[PDB]
Structures are given as structure tokens and as C-alpha cells.
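Peer 1: What follows is a single structure, and I will ask about it in a moment.
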Amino acid sequence: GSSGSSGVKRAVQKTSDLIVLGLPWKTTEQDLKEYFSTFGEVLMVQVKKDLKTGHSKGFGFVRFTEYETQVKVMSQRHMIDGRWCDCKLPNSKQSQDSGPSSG
């Protein structure tokens, strides 16, 4: 079958906001700051929540002070409150709107 890639999308870039998927509800922005702070120092913390049910979307945005910290974070996984969470970079697929919002 057709399968096999040589050198995945690799482009030079500096520290950037990382999106976390598989986050619990109990865990909030304030809690995430303390948890993530364990790796070093939290530079940015945010938790996305729905408006239909009010329950967290299960994902949010976070940024570390050191690029090495954020990079090493995305490399390995982390168990928050016994829940499985993964850190990945935001792609075109998900483009959170801001300021100028049509509507």
C-alpha cells in the first residue's frame, strides 16, 4: 500500500502557543498554570469552554518561557488529574478567531 514520508513539515520558528487536547473539566486556567509551572515557568495559560453546555471543550492554549521547555513538552505526554493530555502546535485546521470577527 501507499505509505511513507521523508521529512515531515519542518520549518524554522520561535516559541509559540501550544494547544493541549484531552484536558479534564475540573482543571481550569488557574490550575493549568500551577501544573504546567512544574516543568518550569508558565508564560501563557488559557482554557477553552463551550457555550451550549458550559463544560470545558477539553482543550486550551499554553506557552512556556523557554523554547526548550515547550518543545520537550510536546515530545512526551503528561497525565493531568489522571487524565490523558497531549501538547501540539496549532495548525491551519484550527484557527481561533480574534479581534475582527465577522458576526
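Naming works like this for the C-alpha cells: A, B, ... for the chains as they're shown, residue 1 at the start of each chain, ligands 1 onward in shown order.
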Find the spatial neighbours of residue 68 of chain A, counting only C-alpha atoms, within a cut-off of 12 Å - ignore same-chain residues fewer than 4 positions away - and output them as a list in words.
Peer 2: residues 14, 15, 16, 39, 40, 41, 63, 64, 72, 73, 74 and 75 of chain A
Peer 1: Applying 12 Å and only C-alpha atoms, which residues near residue 26 of chain A remain after dropping the ones on its own chain fewer than 6 positions away? List them as a PyMOL selection string.
Peer 2: chain A and resi 32+47+49+55-58+80-83
Peer 1: Write out the residues from the selection above, keeping N, CA and C atoms, as a PDB file, in the first residue's frame.
Peer 2:
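What landed in out-v5.pdb:
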```
ATOM      1  N   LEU A  32      -4.092  24.979  35.526  1.00  0.00           N
ATOM      2  CA  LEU A  32      -3.135  24.653  34.473  1.00  0.00           C
ATOM      3  C   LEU A  32      -1.823  25.403  34.679  1.00  0.00           C
ATOM      4  N   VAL A  47      -7.993  28.315  28.862  1.00  0.00           N
ATOM      5  CA  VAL A  47      -8.846  27.138  28.746  1.00  0.00           C
ATOM      6  C   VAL A  47     -10.122  27.458  27.976  1.00  0.00           C
ATOM      7  N   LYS A  49     -13.854  26.938  26.590  1.00  0.00           N
ATOM      8  CA  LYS A  49     -15.086  26.363  27.118  1.00  0.00           C
ATOM      9  C   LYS A  49     -16.241  26.563  26.142  1.00  0.00           C
ATOM     10  N   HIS A  55     -19.588  23.347  29.661  1.00  0.00           N
ATOM     11  CA  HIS A  55     -18.487  22.472  30.052  1.00  0.00           C
ATOM     12  C   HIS A  55     -17.266  22.707  29.168  1.00  0.00           C
ATOM     13  N   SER A  56     -16.088  22.699  29.782  1.00  0.00           N
ATOM     14  CA  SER A  56     -14.845  22.917  29.052  1.00  0.00           C
ATOM     15  C   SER A  56     -14.814  22.087  27.771  1.00  0.00           C
ATOM     16  N   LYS A  57     -14.184  22.633  26.736  1.00  0.00           N
ATOM     17  CA  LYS A  57     -14.082  21.944  25.454  1.00  0.00           C
ATOM     18  C   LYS A  57     -13.089  20.790  25.535  1.00  0.00           C
ATOM     19  N   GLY A  58     -12.305  20.762  26.609  1.00  0.00           N
ATOM     20  CA  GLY A  58     -11.327  19.706  26.786  1.00  0.00           C
ATOM     21  C   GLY A  58      -9.976  20.061  26.195  1.00  0.00           C
ATOM     22  N   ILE A  80      -2.681  14.646  33.554  1.00  0.00           N
ATOM     23  CA  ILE A  80      -3.241  15.672  34.425  1.00  0.00           C
ATOM     24  C   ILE A  80      -4.490  15.167  35.138  1.00  0.00           C
ATOM     25  N   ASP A  81      -4.423  15.103  36.463  1.00  0.00           N
ATOM     26  CA  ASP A  81      -5.550  14.639  37.263  1.00  0.00           C
ATOM     27  C   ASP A  81      -5.977  13.237  36.841  1.00  0.00           C
ATOM     28  N   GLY A  82      -5.018  12.448  36.368  1.00  0.00           N
ATOM     29  CA  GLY A  82      -5.315  11.096  35.935  1.00  0.00           C
ATOM     30  C   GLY A  82      -5.860  11.045  34.521  1.00  0.00           C
ATOM     31  N   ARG A  83      -5.952  12.206  33.882  1.00  0.00           N
ATOM     32  CA  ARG A  83      -6.463  12.291  32.519  1.00  0.00           C
ATOM     33  C   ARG A  83      -5.317  12.389  31.515  1.00  0.00           C
TER      34      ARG A  83
END
```
Peer 1: As number ranges by chain, please: every residue in chain A that a backbone DSSP assignment puts in helix (DSSP H, G or I).
Peer 2: A: 29-39, 67-75
Peer 1: Counting only C-alpha atoms, figure out which residue out of A:79, A:71, A:85, A:33 gets nearest to residue 13 of chain A.
Peer 2: A:71
Peer 1: I'd like the interatomic distance between atom CA of residue 18 of chain A and atom CA of residue 48 of chain A, to a tenth of an Å.
Peer 2: 13.0 Å
Peer 1: So that I can check the surroundings of residue 46 of chain A, please list as a PDB file with N, CA and C atoms, in the first residue's frame every protein, DNA and RNA residue that reaches within 6 Å of it, counting only C-alpha atoms and ignoring chain neighbours fewer than 2 positions away.
Peer 2:
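Once written, selection.pdb looks like this:
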```
ATOM      1  N   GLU A  29      -7.888  27.279  33.963  1.00  0.00           N
ATOM      2  CA  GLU A  29      -6.742  28.091  33.573  1.00  0.00           C
ATOM      3  C   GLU A  29      -5.800  28.308  34.754  1.00  0.00           C
ATOM      4  N   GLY A  60      -7.109  23.683  25.375  1.00  0.00           N
ATOM      5  CA  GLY A  60      -6.786  25.074  25.631  1.00  0.00           C
ATOM      6  C   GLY A  60      -5.450  25.477  25.038  1.00  0.00           C
ATOM      7  N   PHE A  61      -4.973  26.661  25.409  1.00  0.00           N
ATOM      8  CA  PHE A  61      -3.700  27.163  24.906  1.00  0.00           C
ATOM      9  C   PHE A  61      -2.732  27.438  26.054  1.00  0.00           C
TER      10      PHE A  61
END
```
Peer 1: Extract the full set of strand (DSSP E or B) residues from chain A according to DSSP on the backbone, and format it as a VMD selection string.
Peer 2: chain A and resid 18 to 21 42 to 49 56 to 64 78 to 80 83 to 88
Peer 1: At what distance in Å, to one decimal, does atom CA of residue 98 of chain A lie from atom CA of residue 62 of chain A?
Peer 2: 16.5 Å
Peer 1: Figure out the distance between atom CA of residue 31 of chain A and atom CA of residue 76 of chain A, please, to one decimal in Å.
Peer 2: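 A separation of 20.2 Å between them.
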Peer 1: Taking into account only C-alpha atoms, which residue in the set A:70, A:34, A:10, A:19 is nearest to residue 91 of chain A?
Peer 2: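 Looking only at the distances to residue 91 of chain A, the closest residue turns out to be A:19.
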Peer 1: In terms of the shortest atom-to-atom distance over only C-alpha atoms, which of A:35, A:2, A:87, A:103 is closest to residue 22 of chain A?
Peer 2: A:87
